[PDB]
Amino acid sequence: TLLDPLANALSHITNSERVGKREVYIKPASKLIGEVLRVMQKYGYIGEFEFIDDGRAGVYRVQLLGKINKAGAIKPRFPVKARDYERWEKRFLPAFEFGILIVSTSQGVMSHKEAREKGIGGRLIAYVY
Amino acid sequence: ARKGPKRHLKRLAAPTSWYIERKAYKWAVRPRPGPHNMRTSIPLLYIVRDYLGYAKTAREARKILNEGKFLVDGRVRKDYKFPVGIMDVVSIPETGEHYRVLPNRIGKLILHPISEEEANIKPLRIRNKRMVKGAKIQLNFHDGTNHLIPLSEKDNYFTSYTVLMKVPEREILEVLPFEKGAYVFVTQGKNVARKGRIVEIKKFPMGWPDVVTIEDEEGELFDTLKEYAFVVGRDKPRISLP
Amino acid sequence: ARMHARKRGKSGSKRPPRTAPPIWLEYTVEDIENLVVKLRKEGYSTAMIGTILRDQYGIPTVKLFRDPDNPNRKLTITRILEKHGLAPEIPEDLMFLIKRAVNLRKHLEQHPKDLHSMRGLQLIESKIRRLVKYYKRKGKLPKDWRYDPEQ
Amino acid sequence: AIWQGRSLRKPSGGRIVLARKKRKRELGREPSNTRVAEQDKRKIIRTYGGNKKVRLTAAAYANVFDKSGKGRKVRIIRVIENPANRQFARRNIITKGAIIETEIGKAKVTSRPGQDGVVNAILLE
Amino acid sequence: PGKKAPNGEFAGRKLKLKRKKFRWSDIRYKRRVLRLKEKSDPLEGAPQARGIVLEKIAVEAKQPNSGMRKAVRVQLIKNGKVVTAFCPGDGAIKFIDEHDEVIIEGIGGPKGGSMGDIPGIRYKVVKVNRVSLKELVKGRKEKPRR
Amino acid sequence: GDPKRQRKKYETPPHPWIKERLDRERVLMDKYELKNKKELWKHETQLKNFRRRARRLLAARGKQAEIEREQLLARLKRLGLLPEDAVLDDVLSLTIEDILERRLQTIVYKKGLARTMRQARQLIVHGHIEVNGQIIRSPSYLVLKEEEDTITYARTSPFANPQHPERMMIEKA
Amino acid sequence: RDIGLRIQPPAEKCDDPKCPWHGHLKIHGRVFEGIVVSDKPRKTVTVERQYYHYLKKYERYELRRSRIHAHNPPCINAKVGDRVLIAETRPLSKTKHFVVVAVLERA
RNA sequence: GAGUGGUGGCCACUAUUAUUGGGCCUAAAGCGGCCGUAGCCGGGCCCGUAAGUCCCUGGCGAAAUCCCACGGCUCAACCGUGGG
RNA sequence: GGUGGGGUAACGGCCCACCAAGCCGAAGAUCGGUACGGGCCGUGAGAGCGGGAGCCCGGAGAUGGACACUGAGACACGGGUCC
Ligand SMILES: [Mg+2]
Ligand SMILES: [Mg+2]
Ligand SMILES: [Mg+2]
Ligand SMILES: [Mg+2]
Ligand SMILES: [Mg+2]
Ligand SMILES: [Mg+2]
Ligand SMILES: [Mg+2]
Ligand SMILES: [Mg+2]
Ligand SMILES: [Mg+2]
Ligand SMILES: [Mg+2]
Ligand SMILES: [Mg+2]
Ligand SMILES: [Mg+2]
Ligand SMILES: [Mg+2]
Ligand SMILES: [Zn+2]
């Protein structure tokens with residue numbers, strides 16, 4: 001059965017971008033997916049996106065620009081301290097400032113660069129580069 | 001210690017507050033029971049030989065002590081195992097010099113030169129207080145010494161207060177209360193040797209120790225245990241501090 | 001997929017997204033409640049009452065009206081029946097499964113060698129046990145309530 | 001002799017292999033069965049740290065106290081009953097909590113004769 | 001086969017149990033923990049041993065090689081077992097006499113066993129009557145007591 | 001546990017017979033007149049350690065990291081291996097030849113106190129060279145920049161006389 | 001009455017000398033909170049507490065449970081299934097070293 | 001190179017124990033098939049709590065051993081004063 | 001496990017008398033095997049894997065098995081008794 005709406009969205013996006021699709025639909029929507037999409041758009045990985053209301057949990061419509069190498073979810077959601085971001089970067093990213101890790105902190109969802117600037121930790125949930 | 005008390009002490013296991021070379025020899029002087037505890041005192045032999053340097057070997061250090069050349073709190077000490085601790089006064093009258101024993105910024109014991117007039121007073125922290133037969137009050141100080149007061153003045157003394165005692169006569173001349181605005185000097189912990197004024201006091205349930213907050217000269221606030229705060233004045237120190 | 005047969009049928013209803021009842025619907029809330037009570041007294045199941053209301057009276061699902069007494073929730077057939085004391089004592093699907101199991105057992109007494117039908121009985125009883133566990137958890141059944149075919 | 005160190009059985013029922021000899025500081029001593037007699041008899045035990053205990057083996061008198069706070073020294077007749085052991089009363093063994101009869105009535109023992117060397121009781125109404 | 005399991009955040013016990021369970025299929029780990037070599041080693045874990053010569057023999061090489069390899073039977077002093085030891089060198093067998101004492105060690109094949117075209121021989125002779133055999137073969141020294 | 005055991009201060013090659021490495025090391029050994037390979041390897045290890053400290057401090061931040069960074073730079077330019085205005089990155093461009101130029105033997109040769117490297121080694125070992133008023137007999141000692149100019153013949157040596165037959169031959173070069 | 005915990009005392013009284021509220025027993029040390037899983041013996045309960053242990057190699061957690069035997073005063077009289085608060089005391093039997101001081105949520 | 005060889009043991013080689021990070025059609029390896037208990041993994045929104053989790057700060061985790069700078073034995077190995 | 005005692009420097013099934021049926025266990029009890037524990041040490045880019053004689057801190061022993069006298073402290077390596 002369905003277990004993780006967030007992983008499905010990222011796998012769908014990375015599958016679609018490899019065949020040159022221009023837009024996608026994320027079928028089960030949620031607040032967390034909206035936050036992740038906002039963070040991804042801030043760094044220029046995607047275009048505009050919108051929320052479409054059916055009687056069910058809602059749908060997200062996303063425009064793609066062909067600027068993504070890979071995007072994925074991190075399971076399990078490891079906790080990370082405010083000065084331990086480098087080893088996770090080496091584990092998931094190809095260069096010393098290439099791409100972003102997405103972290104859920106008690107001040108919201110943000111990239112790991114902003115979190116390191118604020119000096120806080122949290123839980124890793126996704127990577128995009 | 002399979003069958004009884006220990007009598008020896010290796011150099012490598014010596015207390016960490018001494019100024020000693022831990023690999024030069026095998027043995028160290030095991031201190032005698034006395035005024036302070038192990039963590040806040042040092043044997044007199046190391047003061048005579050290693051700190052001041054008046055003697056080169058232990059044998060000629062003992063000859064100096066047996067002639068009564070050293071005074072600790074105004075009393076002649078001949079035992080080379082005698083422990084000397086915090087807030088003590090070391091006097092050499094033949095050379096006319098005086099020192100006070102104080103912890104360092106990193107927790108080690110050092111000798112701080114003082115004036116001759118200041119050498120006659122010693123501050124004592126009231127560590128405990130109890131009733132004794134004949135209905136009198138006994139005060140137990142931080143260095144293990146005791147004093148007696150009548151039942152009339154039972155409300156002038158409480159634990160954590162400081163008493164300025166004139167030595168060696170042991171006569172009280174001043175009481176410094178523990179309250180907001182008092183001047184304190186830290187004796188142990190991470191914030192050792194910092195000094196300042198009391199701002200706040202906090203308490204906890206089920207026997208956990210209580211904590212105090214102190215503001216220093218520069219205006220910074222730091223916390224420490226209440227029992228590590230040593231009152232030394234009302235709003236200015238009454239004794240010389242480094 | 002299906003619970004046991006692992007097929008992937010997709011047939012079902014496709015409800016359009018709407019909030020308010022349509023303009024052409026003219027029944028009020030009280031008329032609908034009276035109709036539901038009448039149909040229940042005729043002896044229909046909860047699923048059948050809605051089917052009749054949709055087919056004959058032109059009423060799409062009654063879950064388009066707010067509950068007049070509790071504004072925080074919408075109206076359902078079971079809630080309407082509870083407001084009048086006509087609600088079933090045992091949840092309907094559990095009752096239907098138990099009824100199917102009883103009929104099949106007396107068939108297997110005269111046909112002890114019908115092994116393919118017996119597996120259907122085992123699957124039915126597995127479903128019954130799942131449902132009874134769920135209903136015990138939510139408090140819809142007494143904690144001592146038990147399923148015994150010998151009853 | 002009498003060893004009071006630890007049990008040789010785990011709470012789960014498994015056995016324990018002893019890993020050292022018995023230390024002198026873990027030993028007990030023979031119980032003192034204080035009897036009723038015509039004349040009192042006591043001894044002195046040298047104990048750990050060089051302390052002392054006074055052990056009473058035969059008792060003839062008792063101290064009986066009333067609710068008013070006054071006490072009298074009277075002699076013991078016999079032991080009526082003793083909840084500690086089923087056959088102490090027959091053998092006239094005095095322990096804490098025993099019921100004794102005196103020349104002024106029944107009384108209940110409140111002291112430990114084997115540890116204190118005296119017998120103290122409260123009068124029963 | 002699906003994804004490797006378990007991957008859950010709170011599934012540590014099962015993961016550790018699985019790893020411990022399948023580690024026993026590793027033959028190197030099993031022999032070390034159960035100490036199987038120490039149970040059957042005639043040398044009892046020593047790197048060298050001392051023994052007494054019983055007789056001289058010769059062993060044929062395996063196919064497709066040809067030749068006779070000179071060896072001796074040695075009875076070990078420490079436990080009385082009898083093993084076979086190879087005598088390296090050209091004409092080295094002429095320096096061995098029955099009832100001499102020798103020092104033997106491993107021959108140095110794969111997995112601490114035999115080597116080359118003479119399986120069944122696991123040891124070689126190093127000293128004869130407290131004199132190095134290599135010297136005797138080269139010269140530079142004479143065998144004591146004749 | 002186990003008590004401390006003193007460890008070697010140099011590292012040996014991972015494979016003993018590699019043609020290119022053998023050629024390069026042979027060239028170095030011939031040029032600088034070292035006794036054996038291990039001596040050379042010793043200096044190599046020194047170089048590596050410096051680099052391993054620079055790599056670790058580039059990817060670090062905090063209060064202790066800055067202290068260690070400035071200490072490393074000060075130590076490196078005290079030895080005369082870096083100019084006075086170098087930065088951390090310049091550490092990663094040092095070579096093995098840079099360290100070998102700081103040996104006492106090489107410096108004695110370059111200053112003109114000897115005609116050959118081997119003669120410089122002999123002069124050092126027999127005790128004819130004084131550094132800042134002190135006699136040192138280790139040809140591999142690394143010379144600090146602050147004391148480089150105070151290197152001469154020992155004031156008690158036979159060579160501390162311009163009329164000595166061997167010194168006049170040295171000056172002839 | 002207060003014994004240093006800053007909680008409400010029980011409603012009624014008892015005569016047990018081993019009661020911290022009404023007897024002579026003293027409490028000092030750790031204070032734990034748990035669930036009663038057994039009350040068969042007289043004046044004795046078994047309390048279970050759950051926690052997580054972190055496995056460093058596998059960077060994951062596992063669940064562990066701790067069981068403690070505690071004295072049950074008559075004035076409180078806890079039963080199976082409810083949350084209790086326990087405090088450390090002097091040894092009372094071979095296995096009992098805690099006493100129940102409060103029932104937080106009756107079953 | 002004052003050393004250099006032989007024998008046995010542990011780590012690496014080895015992603016041949018795999019959390020990072022392995023495999024199971026034909027090469028070693030999917031139970032003959034299914035039902036289900038514990039365990040593990042579990043759909044969307046709103047309100048509360050603060051156990052897990054993150055940040056700040058008190059009390060601890062002896063010395064020796066490890067890393068860095070400076071200082072003493074000719075430099076070093078070694079030893080002392082400070083920072084980790 | 002409870003109730004009442006004894007004994008101890010001191011709390012305690014540590015040991016007794018009486019009343020109950022409890023306590024541990026597939027999240028591995030019980031039993032068997034092998035080992036003194038730690039600070040640390042060897043190896044590896046790291047994650048890890050292997051060892052824990054020598055120096056420091058803690059434990060235990062004095063041919064094997066039992067038991068006492070003196071003392072603040074021992075059931076005592078250069079003190080005592082039995083097999
Ligand atoms: Mg060891
Ligand atoms: Mg291999
Ligand atoms: Mg493979
Ligand atoms: Mg199959
Ligand atoms: Mg098959
Ligand atoms: Mg969810
Ligand atoms: Mg929390
Ligand atoms: Mg340390
Ligand atoms: Mg020097
Ligand atoms: Mg130096
Ligand atoms: Mg040192
Ligand atoms: Mg071990
Ligand atoms: Mg040894
Ligand atoms: Zn009570």
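Naming: A, B, ... by sequence-line order, numbering from 1 per chain. The figures that follow rest on heavy atoms only: side chains count, while hydrogens, waters and symmetry mates do not.
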Whether E:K134 contacts H:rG5 is assessed here as follows: a side-chain N or O lying under 4.0 Å from the phosphate OP1 or OP2. Is that the case? no
Using only side-chain N and O atoms of E:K4, determine if any of them is under 4.0 Å from OP1 or OP2 of H:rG21. no
In whole Å, measure the gap between the [atom1] atoms of [N] and [M] for me.
N: H:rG23; M: H:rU16; atom1: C1'; value: 12 Å
N: I:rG7; M: I:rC19; atom1: P; value: 24 Å
N: I:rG52; M: H:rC10; atom1: P; value: 13 Å
N: I:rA60; M: I:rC75; atom1: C1'; value: 16 Å
N: I:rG2; M: I:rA21; atom1: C1'; value: 12 Å
N: I:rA29; M: I:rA35; atom1: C1'; value: 23 Å
N: H:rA15; M: I:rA47; atom1: P; value: 14 Å

Strictly below 4.0 Å, N to O, side chains only: are [X] and [Y] in salt-bridge contact?
X: E:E105; Y: E:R122; value: no
X: A:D4; Y: A:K75; value: yes
X: G:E33; Y: G:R83; value: yes
X: G:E62; Y: G:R64; value: yes
X: D:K22; Y: D:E26; value: no
X: F:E147; Y: F:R78; value: no

To the side chain of D:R46, which of I:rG22, I:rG73, I:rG6 is closest? I:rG73
Under 3.5 Å, is there a donor-acceptor pair between the side chain of D:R15 and the main chain of D:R9? no
Hey, can you pull the residues of residues 2-15 of chain B with a non-hydrogen atom under 4.0 angstrom from RNA chain H? B:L12
Roughly, in whole Å, what's the span from [atom1] in [X] to [atom2] in [N]?
X: D:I93; N: I:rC16; atom1: CD1; atom2: P; value: 18 Å
X: G:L63; N: H:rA51; atom1: CG; atom2: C1'; value: 13 Å
X: G:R65; N: I:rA29; atom1: CZ; atom2: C1'; value: 13 Å
X: D:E30; N: I:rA68; atom1: CD; atom2: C1'; value: 15 Å
X: D:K22; N: I:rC75; atom1: NZ; atom2: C1'; value: 11 Å
X: E:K16; N: I:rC49; atom1: NZ; atom2: P; value: 10 Å
X: A:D4; N: H:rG43; atom1: CG; atom2: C1'; value: 11 Å
X: E:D26; N: I:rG48; atom1: CG; atom2: P; value: 19 Å

Whichever of G:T95 and D:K53 has its nearest RNA chain I nucleotide further upstream toward 5': G:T95
Distance criterion of 3.5 Å, no angle test: do you see the side chain of [X] paired donor-to-acceptor with the base of [N]?
X: D:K24; N: I:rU8; value: no
X: D:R112; N: I:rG7; value: yes
X: G:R60; N: H:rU19; value: no
X: F:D2; N: I:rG42; value: no

Syn-anti status, with the boundary at 90° from 0, for the nucleotide [N]:
N: H:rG33; answer: anti
N: I:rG54; answer: syn
N: I:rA26; answer: syn

Side chains of G:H69 and G:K96: donor-acceptor distance under 3.5 Å anywhere? no
Quick one: sort the G:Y61 and G:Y52 rings into parallel, tilted or perpendicular, breaks at 30° and 60°. perpendicular
Taking the six-membered ring of B:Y19 as reference, does the cationic atom of B:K108 (NZ for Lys, CZ for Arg) lie under 6.0 Å from its centre and within 45° of its axis? yes
B/S/- contact track for nucleotides 72-84 of chain H, protein heavy atom under 4.0 Å: --BB-SSS--SBS
For adjacent nucleotides [N] and [M], indicate whether their bases are stacked under the rule of ring centres within 5.5 Å (strictly under) and plane angle under 30°.
N: I:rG12; M: I:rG13; answer: no
N: H:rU26; M: H:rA27; answer: no
N: H:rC56; M: H:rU57; answer: yes

Any chance NZ of E:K21 has more than 12 other-residue heavy atoms, nucleotides or ligands included, within less than 6.0 Å? no
Looking at B:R7, I'd like to know if its CZ atom is crowded, meaning that more than 12 non-hydrogen atoms belonging to other residues, nucleotides or ligands lie closer than 6.0 Å. no
Let me check I have this right: for RNA chain I, each base becomes ., (, ), [, ] or |, based on Watson-Crick or G-U pairs with both distances under 3.5 Å. What is the full string? ((((((.......))))))................((((((((....))))...)))).....(((..............)))
Mind checking the CZ-CG spacing from G:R60 to E:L15? Nearest 0.5 Å is all I need. 6.0 Å
As an exercise, state the distance from CG of E:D26 to CZ of E:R32, rounded to the nearest 0.5 Å. 9.5 Å
